[PDB]
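As a starting point, one isolated chain is supplied in structure tokens, in the form deposited in one PDB entry.
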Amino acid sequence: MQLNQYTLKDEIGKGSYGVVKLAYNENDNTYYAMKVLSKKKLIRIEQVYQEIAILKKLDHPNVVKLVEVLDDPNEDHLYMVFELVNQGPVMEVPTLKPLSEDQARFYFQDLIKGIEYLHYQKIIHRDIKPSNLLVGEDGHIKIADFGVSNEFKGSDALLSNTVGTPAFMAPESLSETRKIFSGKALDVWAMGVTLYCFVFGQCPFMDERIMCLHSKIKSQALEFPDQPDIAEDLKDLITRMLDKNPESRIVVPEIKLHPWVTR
């Protein structure tokens, strides 16, 4: 499959919308990641162009760079070319091979930087999870998939829609009654779920039945698996990130000063 200078190869991810394919670029003799979208499949335009707008203003070592967009109005397919991050996702969940505490800290430091940057740029990511965190050749993670991200005006996003990955959704986004909830806190909750996954290899709240998953997220006290044992300070940080109450939940400026993070 040829598309200008790019030859499209195998699928390397799904994501919130469309698919991601490896692409060889004949002009500079290296590889890219190409997100491929069907206009007809998205109908059943503007949300895509808002994602492009977001991506265009972003430039940080812990966020995946958009290189260009190929958008022929006579074709159904829209192509978004990104930098390729060689090693791919930090982990698949579940896994029996979780990260050590030291590896988790290292990636979690990158995650903090990335998220701090996004929030500064007035973007709520909305889909933070291990499979969206790509390990670069330098060993550092980069945040990917802005498919469900929101841009806001003023100091925080005021949100009412429920999107993202169900196991990573904050309890305040799961009410039966339409509610309004703050966006920065949602990303903190998902960072917490992610950190739990990093060290345990499974999510904190799990069920095959979507309604029971929601029920657990809202009403089941957080439990730690029997293995591996983790340090008291990491338990503390995870507990404060997974605070069901978005008002008392730890904020990113506090996370950066947490003893687990800074030791």
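Just count from 1 along the sequence shown to find any residue number. Here the rigid core means the biggest group of C-alpha atoms that line up within 1.5 Å when the two forms are laid on top of each other.
Judged by the one-third criterion across other entries of this protein, residue 43, though modelled here, is missing from at least a third of those that model both its neighbours.
Averaged over their C-alpha atoms, the temperature factors of 23-31 and 231-239 are higher for 23-31. Between the stretches 127-135 and 174-182, it is 174-182 that shows the larger average CA temperature factor. For the set 94, 166, 114, 88, the maximum C-alpha B-factor listed in the entry falls on 94. Highest CA B-factor among the listed residues (199, 221, 211, 66): 211. Sorting the modelled residues of the chain by their CA temperature factor places residue 109 in the lowest third. Residue-level temperature factors show residue 145 in the lowest third of its chain, judged at the C-alpha atom. Among all modelled residues in this chain, the alpha-carbon of residue 80 has a temperature factor (C-alpha) in the middle third. In this PDB entry, residue 195 carries a Cα temperature factor that places it within the lowest third of its chain's modelled residues. In the PDB entry, residue 52 places in the middle third of its chain by CA B-factor.
The form deposited in another entry is left out here; the points below concern that form.
For the listed set 86, 100, 95, 155, the sole C-alpha moving 2 Å or more between the shown form and the other one on a rigid core superposition is that of 86.
A movement of the C-alpha atom of residue 240 falling short of 2 angstroms is seen between the shown form and the other one when the two forms are aligned on their rigid core. Once both forms are overlaid on the rigid core, the distance between the two CA positions of residue 230 between the shown form and the other one is under 2 angstroms.
When the rigid core is held fixed, the Cα atom of residue 218 travels less than 2 angstroms between the shown form and the other one.
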